[PDB]
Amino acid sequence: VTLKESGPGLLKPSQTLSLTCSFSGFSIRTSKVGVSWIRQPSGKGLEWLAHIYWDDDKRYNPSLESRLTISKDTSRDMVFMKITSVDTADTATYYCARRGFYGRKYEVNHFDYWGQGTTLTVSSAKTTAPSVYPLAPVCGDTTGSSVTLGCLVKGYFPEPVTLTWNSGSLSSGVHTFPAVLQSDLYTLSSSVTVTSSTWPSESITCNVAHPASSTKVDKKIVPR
């Protein structure tokens, strides 16, 4: 049994979201399973949206009901979800989940298989390359045995970027933080911590690639 969600990936606000869940290794018609759509906003928990039963009966989360339509095509082994006029709050991973059961006990039902999910990001942004900024210590904080440097990757769209230090040769003592969407663009940061005698004596450079904009920049961290 497999479930696979597909969607647009990115929409602008006010656009219509159309999702599809494609099932295999079993038959929607024969099995008579129900199917739900469930979403998860980034770093948040799970929210049930809608359910469709084998006979096309439907239930909705009351708070989003006016904007939701669930349907299906039993002949294509697909369930669909539409959400009208999306805005920022709709940015989420959307999951398809089958409500399976054993043999004949249709009342003993549960979400036995879930898709991988499809991510939706709602933004008015065009593709935008990041501004990459080297973060050197304050003109003072290189006493003590270690020194921490950073790199700020600001104002890009969409995800992802790839960030390395010294083209990946500097990998221990690194923390690269998840991107956050704010005001339609992404910001990410990374820190690297070395011994006080490593820097600035040795060159430490932040490397940032943004596939969508076909860009690759290096920023050496220099003393202020």
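Don't overthink the numbering: it's just position in the shown sequence, from 1.
> Between 133 to 141 and 112 to 120, name whichever shows the higher mean Cα B factor according to the PDB entry.
Per the deposited B-factors, the answer is 133 to 141.
> Can you tell me which stretch has the higher mean Cα B-factor, 185 to 193 or 37 to 45?
Per the PDB record, 37 to 45.
> Among the candidates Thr148, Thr84, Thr91, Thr127, give the one with the maximum CA B-factor reported in the record.
Result of the comparison over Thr148, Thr84, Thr91, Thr127: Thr127.
> Of the options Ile52, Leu68, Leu170, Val161, which has the highest CA B factor as deposited?
In this record, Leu170 carries the highest C-alpha B-factor of the candidates.
> Please place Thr176 in the lowest, middle or highest third of its chain according to the CA B-factor in the PDB entry.
For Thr176, whose C-alpha B-factor we compare with every modelled residue in the chain, the answer is the lowest third.
> Relative to the other modelled residues of the same chain, rank the CA B-factor of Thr20 and answer lowest, middle or highest third.
For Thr20, the deposited C-alpha B-factor lands in the lowest third.
> Among the chain's modelled residues, which third holds the C-alpha B-factor of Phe157?
Within its chain, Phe157 is a middle-third residue by C-alpha B-factor, going by the deposited values.
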